[PDB]
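Take a look at the structure set out below.
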Amino acid sequence: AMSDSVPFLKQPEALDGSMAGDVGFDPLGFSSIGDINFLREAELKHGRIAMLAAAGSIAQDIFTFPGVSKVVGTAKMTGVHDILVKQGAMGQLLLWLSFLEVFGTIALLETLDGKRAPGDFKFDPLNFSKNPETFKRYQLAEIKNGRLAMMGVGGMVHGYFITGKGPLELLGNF
Amino acid sequence: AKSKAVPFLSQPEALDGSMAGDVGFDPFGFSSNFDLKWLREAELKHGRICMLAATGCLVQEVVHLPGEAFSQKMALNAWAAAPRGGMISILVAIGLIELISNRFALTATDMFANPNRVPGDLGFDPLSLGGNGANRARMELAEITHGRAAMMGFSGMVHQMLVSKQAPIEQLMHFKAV
Amino acid sequence: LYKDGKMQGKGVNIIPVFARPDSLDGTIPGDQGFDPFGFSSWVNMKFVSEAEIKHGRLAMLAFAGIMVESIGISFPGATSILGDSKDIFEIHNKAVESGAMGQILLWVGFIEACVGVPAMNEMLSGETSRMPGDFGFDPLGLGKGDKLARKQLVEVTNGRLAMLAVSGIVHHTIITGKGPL
Amino acid sequence: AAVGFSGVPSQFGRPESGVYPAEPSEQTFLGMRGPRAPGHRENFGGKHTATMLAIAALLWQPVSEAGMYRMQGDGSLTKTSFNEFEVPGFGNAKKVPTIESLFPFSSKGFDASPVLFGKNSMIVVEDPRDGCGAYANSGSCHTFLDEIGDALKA
Ligand code: CLA
Ligand code: CLA
Ligand code: CLA
Ligand code: KC2
Ligand SMILES: CC1=C(C#C/C(C)=C/C=C/C(C)=C/C=C/C=C(C)/C=C/C=C(\C)C#CC2=C(C)C[C@@H](O)CC2(C)C)C(C)(C)C[C@H](O)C1
Ligand SMILES: CC1=C(C#C/C(C)=C/C=C/C(C)=C/C=C/C=C(C)/C=C/C=C(\C)C#CC2=C(C)C[C@@H](O)CC2(C)C)C(C)(C)C[C@H](O)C1
Ligand SMILES: CC1=C(C#C/C(C)=C/C=C/C(C)=C/C=C/C=C(C)/C=C/C=C(C)/C=C/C2=C(C)CCCC2(C)C)C(C)(C)C[C@H](O)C1
């Protein structure tokens with residue numbers, strides 16, 4: 001009846017072990033306040049956006065698309081944001097992500113009703129998880145990599161705020 | 001038989017530990033002359049306004065809306081410098097929130113006429129964070145403790161802004177004795 | 001060994017000019033019959049026991065740090081930014097201005113808030129049957145059956161002695177201007 | 001018999017209502033708990049409210065950047081107000097109310113954006129600590145702790 005991750009603390013009652021990545025880690029009792037379905041949807045959304053942002057920071061350090069260097073110049077990481085607000089790219093990005101997030105809102109409220117798993121958009125066009133066990137293995141890997149990429153992208157953007165190098169440039173220059 | 005907060009006084013009647021934050025602290029006998037439902041509703045309302053007010057007095061120094069009219073770090077200057085039509089809109093909106101949120105029962109003779117109406121229970125739970133039974137009493141205790149601390153703090157900040165003519169955080173950083 | 005009735009338990013008083021109160025149960029480690037002001041009659045004993053243990057462990061770490069930093073042992077490169085002197089107060093101020101002690105404050109507060117606050121609240125509320133000072137931390141495996149005492153009593157006694165030692169050392173550093181040893 | 005501030009109209013001799021509805025437990029995201037008609041929380045519950053807030057936030061994005069954008073010879077864009085959009089067939093009213101009439105950002109000098117904070121309407125954040133410390137400051141920084149320390153050291 002005790003938390004596995006923090007052995008001197010009780011097992012949270014909203015945690016059960018069914019969800020991928022459940023090690024009984026909720027010491028401050030956030031699952032006692034919010035719904036666990038809302039919390040899992042928020043965790044998956046933060047993690048997926050952070051994986052995309054981490055991979056984006058790495059690849060934009062590595063290379064650039066044709067023509068972006070003329071419009072942007074020698075501006076990198078969050079420094080491009082304002083420039084790409086003056087250009088039309090991020091308005092298009094926000095428009096289509098808002099269009100997707102309208103149906104995301106409907107899906108989240110459907111999950112809060114209780115007919116749909118949090119973060120289950122049934123988007124598997126390559127049919128990777130045929131048998132359920134590999135599905136469990138990808139679920140655990142997805143939640144672990146999402147949390148890891150949350151921490152990683154936080155470190156990357158705050159290291160950019162400190163030195164203005166970039167996640168690979170800071171590695172390549174102390 | 002004695003009050004727990006004030007051990008040299010007898011326990012005030014109608015106070016039996018049922019409400020949150022009840023330590024038997026009523027030396028002037030307000031609960032012996034007025035009903036506890038109105039007193040609790042008033043205490044929660046003053047406390048919630050002071051929670052928002054203390055958070056405003058701290059936040060407005062660090063964060064401002066764009067524009068010249070919202071650039072006063074000291075809140076008593078921001079009361080005057082803000083556009084007047086906006087504050088009159090704020091007054092009218094607070095009046096409407098009072099009018100509909102209490103369901104047209106606004107006075108000392110018609111609020112709590114419905115037996116289901118609970119002190120401080122306006123039905124306000126936008127994200128439904130109260131859907132858990134054993135958290136509830138601790139939640140009301142935390143809410144009233146935050147409200148009481150915010151009342152005392154906001155009183156202290158307003159009158160210290162009156163003494164010092166300084167916004168609170170930079171008054172703590174640029175302190176000048178009286 | 002627990003030595004109930006010799007070092008702890010009912011009937012033991014190390015300062016017999018102040019009589020042992022009836023309030024002390026004898027279950028708590030370090031109960032040696034010293035409560036002249038009768039605080040045990042009205043305070044919650046678990047909370048103040050955990051507070052005594054945590055203050056004691058903080059004072060042990062403070063004594064060890066003060067002695068190794070006033071004698072002259074330093075990490076590589078640690079002398080440069082924090083000054084090549086030995087005075088603990090100036091070491092505090094230089095390491096604050098460097099930003100090291102803010103980083104220490106952030107992580108110690110994160111540890112305090114994340115598991116310490118829930119442990120104290122659930123321990124006091126009666127939801128885990130957790131003992132005071134029990135954070136389940138035994139990496140090297142040194143107490144298994146000797147945990148009853150010869151670990152608890154010696155830790156609380158050294159904690160109190162470390163509190164007195166650190167207080168003495170600090171006020172000597174204040175009055176003399178030179179660190180110990 | 002009649003406690004002060006009791007709030008019961010029968011206790012004060014005030015005209016009562018008699019009809020007191022029971023309080024249901026159903027909750028709406030941006031609404032209020034209370035008695036409603038049958039069918040109300042099922043058509044206009046949390047799902048509907050969140051969907052309409054999402055749709056309103058989506059439709060805000062073209063509305064915030066409202067204007068006639070016209071390409072020039074060099075491929076650049078010139079944004080000009082809908083107030084100059086003229087119509088052929090409503091008599092002497094060539095200028096007509098438009099979407100910018102309902103959302104007049106430029107009339108107030110408000111640089112609207114699709115997330116409603118603009119470049120010329122950015123939230124202003126400034127550090128109140130003035131780049132000094134909590135204690136042991138020599139300069140234009142005299143904190144409360146420094147005042148305490150000087151009060152003991154005099
Ligand atoms: C007691 C509540 C209270 C009051 C009377 C004010 C009053 C004021 N604020 Mg303010 N503020 C408050 C709380 C409050 N604040 C809190 C809690 C925050 C933190 C989010 C802020 C953050 C804030 C900023 C950042 C700025 C102001 C500013 C101002 C001034 C101009 C009005 C304006 O633009 O509002 C702006 C108001 C907000 C940005 C947030 C208000 C949120 C309130 C608390 C509503 C939430 C509760 C609401 C009633 C719904 C509950 C309903 C329920 C009971 C049924 C004015 C003096 C501006 C100014 O002059 O700068 C010095 C400005 O730039 N405020
Ligand atoms: C009936 C509809 C209506 C209409 C037509 C207007 C029209 C106007 N208002 Mg107004 N207002 C309304 C409702 C309305 N308001 C309501 C319901 C409130 C809440 C009390 C306010 C509060 C308000 C304030 C405080 C101010 C105005 C101002 C203005 C003028 C400029 C607004 C502008 O361009 O800024 C557009 C800019 C924005 C929309 C950015 C706002 C940023 C967000 C919303 C801050 C977050 C605050 C938070 C949500 C508050 C929660 C409390 C609430 C739930 C009770 C304009 C005449 C300003 C003025 O007179 O300046 C000359 C001014 O200072 N209004
Ligand atoms: C006198 C030292 C001392 C002693 C005897 C104990 C004893 C105990 N602790 Mg404890 N503790 C201490 C210090 C001590 N603690 C300090 C300083 C901290 C803060 C970091 C903690 C934090 C702590 C936690 C978080 C937990 C315990 C727990 C326990 C219990 C079981 C673990 C055990 O047997 O550890 C005894 C093992 C040792 C003392 C190892 C020896 C380490 C050597 C002495 C280090 C020497 C370094 C250096 C030379 C110091 C001198 C410097 C000087 C020369 C300048 C037991 C009652 C666990 C428990 O179940 O509590 C009930 C638990 O969860 N303790
Ligand atoms: C085309 C029509 C239409 C639009 C575009 C629209 C948009 C939005 C938005 C957009 C940002 C929000 C945020 C919002 C929210 C709420 N609407 Mg909705 N709404 C529309 C229709 C109706 C009708 C007919 C009713 C209704 C209601 C409520 C309630 C109930 C609160 C409660 O029940 O406590 C809440 C919270 C019911 C009601 O009570 O209205 C007083 C009701 O009867 N709505 N609504
Ligand atoms: C699922 C869906 C599709 C999908 C698609 C998706 C997009 C597939 C891709 C998923 C990708 C985006 C996973 C990315 C993970 C990021 C990792 C965890 C993090 C590194 C951060 C840490 C280590 C760090 C950092 C560090 C610090 C902080 C700062 C730096 O100085 C240094 C350093 C870099 C070391 C596919 C096509 C697969 C098919 C499927 O049918 C349907
Ligand atoms: C109900 C719930 C809602 C929630 C909500 C609301 C928004 C909750 C958030 C609330 C905020 C408003 C609580 C504010 C507390 C303010 C006080 C405690 C600060 C006091 C400082 C004082 C004591 C001190 C002072 C001091 C003074 C004296 C002297 C000075 O020199 C220094 C100093 C300043 C330090 C949501 C929206 C989530 C939906 C959900 O479904 C239901
Ligand atoms: C775009 C843009 C901008 C921006 C921006 C962006 C992109 C901002 C991004 C911010 C992010 C991603 C922050 C992440 C913070 C993570 C933290 C603090 C993790 C702490 C972990 C802890 C304490 C512990 C972890 C742990 C450890 C060690 C191990 C055990 C587990 C645990 C206890 C959890 C601006 C603002 C510059 C403006 C600009 O004009 C436009």
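By order of appearance in the structure tokens: chains A, B, ..., then residues from 1 within every chain, and ligands from 1 in the order shown.
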
Extract, using only C-alpha atoms, all DNA, RNA and protein residues at most 12 Å from residue A:79, discarding same-chain residues fewer than 3 positions from it, and format them as a PyMOL selection string. chain A and resi 72-76+82-85+157+160-161+164-166

Find the residues of chain A in contact range of chain B, meaning any atom within 9 Å when counting only C-alpha atoms, and list them as a short mmCIF file (atom, residue, chain, number, x, y, z; two decimals) with C-alpha atoms, in the first residue's frame.
```cif
data_model
loop_
_atom_site.label_atom_id
_atom_site.label_comp_id
_atom_site.auth_asym_id
_atom_site.auth_seq_id
_atom_site.Cartn_x
_atom_site.Cartn_y
_atom_site.Cartn_z
CA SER A 32 -6.19 13.83 -5.78
CA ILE A 33 -7.13 17.28 -7.14
CA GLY A 34 -7.40 16.79 -10.89
CA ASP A 35 -8.86 13.97 -12.94
#
```

Smallest atom-to-atom distance to residue D:50: which of D:29, D:20, D:12, D:5, using only C-alpha atoms?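 Going through D:29, D:20, D:12, D:5 one by one, the smallest distance to residue D:50 is for D:29.
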
Would you mind listing, for every residue of chain B within 6 Å of chain D, the two atoms forming the shortest contact and the distance between them in Å to one decimal, using only C-alpha atoms, sorted by chain and ascending residue number, as a Markdown table?
```
| residue | atom | partner | partner_atom | distance |
| --- | --- | --- | --- | --- |
| B:34 | CA | D:4 | CA | 4.6 |
| B:35 | CA | D:6 | CA | 5.1 |
| B:62 | CA | D:126 | CA | 5.6 |
| B:63 | CA | D:125 | CA | 4.8 |
| B:64 | CA | D:124 | CA | 5.2 |
| B:65 | CA | D:123 | CA | 5.3 |
| B:66 | CA | D:121 | CA | 5.4 |
| B:108 | CA | D:7 | CA | 4.8 |
| B:109 | CA | D:7 | CA | 3.8 |
| B:110 | CA | D:7 | CA | 4.9 |
| B:111 | CA | D:7 | CA | 5.2 |
| B:112 | CA | D:7 | CA | 5.5 |
| B:113 | CA | D:8 | CA | 4.9 |
| B:114 | CA | D:20 | CA | 5.7 |
| B:123 | CA | D:33 | CA | 4.6 |
| B:126 | CA | D:29 | CA | 4.7 |
| B:127 | CA | D:29 | CA | 5.9 |
| B:172 | CA | D:144 | CA | 5.4 |
| B:173 | CA | D:143 | CA | 4.1 |
| B:174 | CA | D:142 | CA | 5.0 |
| B:175 | CA | D:143 | CA | 5.5 |
```

Find the residues near stretch 53-67 of chain A: any atom within 9 Å, counting only C-alpha atoms, skip ones fewer than 6 places away on the same chain, and give them as a compact mmCIF listing (two decimals) with C-alpha atoms, in the first residue's frame.
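In the end it all went to selection38.txt:
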```txt
# COMPACT_ATOMS: atom_id res chain seq x y z
CA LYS A 76 18.65 30.43 -33.99
CA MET A 77 16.40 28.71 -31.39
CA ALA A 149 12.34 15.00 -23.83
CA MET A 150 10.39 17.40 -21.59
CA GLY A 152 15.77 17.77 -22.39
CA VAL A 153 13.98 20.59 -24.21
CA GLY A 154 13.77 22.56 -20.95
CA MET A 156 18.10 23.09 -24.24
CA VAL A 157 16.08 26.30 -24.24
CA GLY A 166 22.45 25.64 -29.17
CA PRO A 167 22.27 22.06 -27.86
CA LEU A 168 24.91 20.74 -30.27
CA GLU A 169 26.95 23.96 -30.46
```

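Of the listed residues (A:23, A:9, A:108, A:14), A:108 comes nearest to residue A:38; the distances count only C-alpha atoms.
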
Close residues to ligand 1 using only C-alpha atoms and all ligand atoms, limit 8 Å, as a short mmCIF file (atom, residue, chain, number, x, y, z; two decimals) with C-alpha atoms, in the first residue's frame:
```
data_model
loop_
_atom_site.label_atom_id
_atom_site.label_comp_id
_atom_site.auth_asym_id
_atom_site.auth_seq_id
_atom_site.Cartn_x
_atom_site.Cartn_y
_atom_site.Cartn_z
CA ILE B 49 -11.33 39.13 -2.41
CA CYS B 50 -8.18 39.52 -0.31
CA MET B 51 -6.60 36.45 -1.95
CA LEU B 52 -7.14 37.99 -5.39
CA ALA B 53 -6.10 41.39 -4.02
CA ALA B 54 -2.83 40.21 -2.42
CA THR B 55 -1.98 38.27 -5.58
CA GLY B 56 -2.68 41.42 -7.58
CA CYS B 57 -0.57 43.63 -5.30
CA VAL B 59 1.85 40.43 -9.51
CA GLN B 60 1.21 43.97 -10.88
CA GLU B 61 4.73 45.06 -9.93
CA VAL B 62 6.37 42.29 -11.95
CA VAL B 63 3.85 41.98 -14.81
CA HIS B 64 1.92 44.77 -16.54
CA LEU B 65 -0.48 45.06 -19.42
CA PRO B 66 0.92 47.07 -22.36
CA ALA B 69 -1.93 53.64 -18.07
CA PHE B 70 -0.88 50.23 -16.64
CA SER B 71 2.78 51.03 -15.89
CA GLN B 72 2.40 51.99 -12.20
CA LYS B 73 4.26 49.49 -10.02
CA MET B 74 2.55 50.75 -6.85
CA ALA B 75 -1.04 49.52 -6.75
CA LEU B 76 -2.50 52.69 -5.22
CA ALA B 78 -2.57 51.86 -10.54
CA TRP B 79 -6.02 52.48 -9.02
CA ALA B 80 -5.94 56.06 -10.36
CA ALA B 81 -3.86 55.58 -13.53
CA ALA B 82 -6.04 52.82 -14.99
CA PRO B 83 -8.74 53.94 -17.47
CA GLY B 86 -12.61 49.98 -17.47
CA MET B 87 -12.86 50.23 -13.68
CA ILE B 90 -15.19 46.12 -13.38
CA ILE B 94 -18.69 42.54 -9.95
CA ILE B 97 -21.44 38.43 -10.50
CA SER B 101 -24.03 34.05 -8.40
CA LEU B 122 -21.98 29.23 -4.66
CA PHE B 124 -18.37 27.37 -8.24
CA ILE D 123 3.16 42.00 -21.86
#
```

Interface rows for chain D against chain A: nearest pair, Å to one decimal, 10 Å, only C-alpha atoms, as a Markdown table:
```
| residue | atom | partner | partner_atom | distance |
| --- | --- | --- | --- | --- |
| D:46 | CA | A:109 | CA | 7.5 |
| D:47 | CA | A:109 | CA | 5.6 |
| D:48 | CA | A:106 | CA | 8.7 |
| D:50 | CA | A:105 | CA | 6.8 |
| D:51 | CA | A:106 | CA | 6.1 |
| D:52 | CA | A:102 | CA | 9.0 |
| D:53 | CA | A:102 | CA | 8.9 |
| D:54 | CA | A:102 | CA | 5.3 |
| D:55 | CA | A:102 | CA | 6.5 |
| D:56 | CA | A:102 | CA | 9.7 |
| D:57 | CA | A:98 | CA | 7.9 |
| D:58 | CA | A:98 | CA | 5.8 |
| D:59 | CA | A:95 | CA | 9.2 |
| D:60 | CA | A:95 | CA | 9.9 |
| D:61 | CA | A:95 | CA | 6.9 |
| D:62 | CA | A:95 | CA | 8.6 |
| D:65 | CA | A:91 | CA | 9.7 |
| D:113 | CA | A:91 | CA | 9.2 |
| D:114 | CA | A:91 | CA | 7.3 |
| D:115 | CA | A:94 | CA | 9.0 |
| D:118 | CA | A:85 | CA | 9.5 |
| D:119 | CA | A:82 | CA | 8.1 |
```

The selected residues should be written to file as a PDB file, in the first residue's frame (atoms: C-alpha atoms).
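Listing of result-v8.pdb after writing:
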```pdb
ATOM      1  CA  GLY D  46     -18.775  20.780 -20.368  1.00  0.00           C
ATOM      2  CA  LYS D  47     -18.340  19.221 -23.824  1.00  0.00           C
ATOM      3  CA  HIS D  48     -20.350  21.929 -25.600  1.00  0.00           C
ATOM      4  CA  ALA D  50     -15.163  23.493 -24.366  1.00  0.00           C
ATOM      5  CA  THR D  51     -16.007  22.906 -28.042  1.00  0.00           C
ATOM      6  CA  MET D  52     -17.400  26.432 -28.451  1.00  0.00           C
ATOM      7  CA  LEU D  53     -14.426  27.962 -26.618  1.00  0.00           C
ATOM      8  CA  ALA D  54     -12.097  26.014 -28.939  1.00  0.00           C
ATOM      9  CA  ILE D  55     -14.031  27.139 -32.034  1.00  0.00           C
ATOM     10  CA  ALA D  56     -14.042  30.758 -30.808  1.00  0.00           C
ATOM     11  CA  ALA D  57     -10.278  30.634 -30.180  1.00  0.00           C
ATOM     12  CA  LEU D  58      -9.786  29.144 -33.660  1.00  0.00           C
ATOM     13  CA  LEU D  59     -11.943  31.808 -35.336  1.00  0.00           C
ATOM     14  CA  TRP D  60     -10.223  34.570 -33.344  1.00  0.00           C
ATOM     15  CA  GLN D  61      -7.044  34.007 -35.387  1.00  0.00           C
ATOM     16  CA  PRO D  62      -8.371  35.377 -38.731  1.00  0.00           C
ATOM     17  CA  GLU D  65      -5.428  39.832 -38.149  1.00  0.00           C
ATOM     18  CA  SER D 113      -2.210  39.137 -32.626  1.00  0.00           C
ATOM     19  CA  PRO D 114      -3.637  35.627 -33.098  1.00  0.00           C
ATOM     20  CA  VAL D 115      -2.818  35.014 -29.402  1.00  0.00           C
ATOM     21  CA  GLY D 118       1.200  41.653 -30.180  1.00  0.00           C
ATOM     22  CA  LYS D 119       4.679  42.951 -30.920  1.00  0.00           C
TER      23      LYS D 119
END
```

Which of stretch 1-170 of chain C counts as alpha helix (DSSP H) under DSSP, as a VMD selection string please? chain C and resid 45 to 71 78 to 81 88 to 98 100 to 111 117 to 125 152 to 170

Compute the set of chain C residues within 10 Å of chain D, using only C-alpha atoms, and express it as a PyMOL selection string. chain C and resi 93+96-97

Residue neighbourhood residue C:18, 12 Å, only C-alpha atoms, exclusion window fewer than 3 positions, as a list in words: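 After dropping sequence-adjacent residues, the list is residues 12, 13, 14, 15, 21, 32, 33, 34, 35, 36, 37 and 38 of chain C.
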
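Note that the spacing between atom CA of residue C:123 and atom CA of residue C:47 amounts to 8.5 Å.
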
Which chain C residues are at most 12 Å from chain B (counting only C-alpha atoms), as a list in words?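 Taken together, these residues fit the definition: residues 42, 121 and 125 of chain C.
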
So that I have them on file, write out the residues from the current selection with N, CA, C and O atoms, as a PDB file, in the first residue's frame.
```pdb
ATOM      1  N   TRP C  42       1.495  19.175  25.679  1.00  0.00           N
ATOM      2  CA  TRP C  42       0.571  19.810  24.746  1.00  0.00           C
ATOM      3  C   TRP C  42       0.993  19.772  23.283  1.00  0.00           C
ATOM      4  O   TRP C  42       0.115  19.877  22.418  1.00  0.00           O
ATOM      5  N   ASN C 121       3.113  15.399   6.622  1.00  0.00           N
ATOM      6  CA  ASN C 121       1.656  15.512   6.683  1.00  0.00           C
ATOM      7  C   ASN C 121       0.976  14.153   6.822  1.00  0.00           C
ATOM      8  O   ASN C 121       0.034  14.009   7.610  1.00  0.00           O
ATOM      9  N   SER C 125      -1.028  12.884  10.072  1.00  0.00           N
ATOM     10  CA  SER C 125      -2.436  12.567   9.865  1.00  0.00           C
ATOM     11  C   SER C 125      -2.760  11.100  10.127  1.00  0.00           C
ATOM     12  O   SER C 125      -3.932  10.767  10.330  1.00  0.00           O
TER      13      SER C 125
END
```

Hey, what's within 7 Å of residue C:169 if we count only C-alpha atoms and toss same-chain stuff fewer than 4 positions away? As JSON, numbers by chain, please? {"C": [165, 173, 180]}

Pick from A:119, A:47, A:27, A:21 nearest to chain C, counting only C-alpha atoms: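 Of A:119, A:47, A:27, A:21, the one nearest chain C, counting only C-alpha atoms, is A:27.
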
Got a sec to check which residues lie within 9 Å of ligand 3, using only C-alpha atoms and all ligand atoms, and send them as an MDAnalysis selection string? (chainID A and resid 8) or (chainID C and resid 53:54 56:69 71 131:144 146:159)

Close residues, residue A:30 itself excluded, 10 Å, only C-alpha atoms, min 6 positions apart in chain, as a VMD selection string: chain A and resid 12 14 36 39
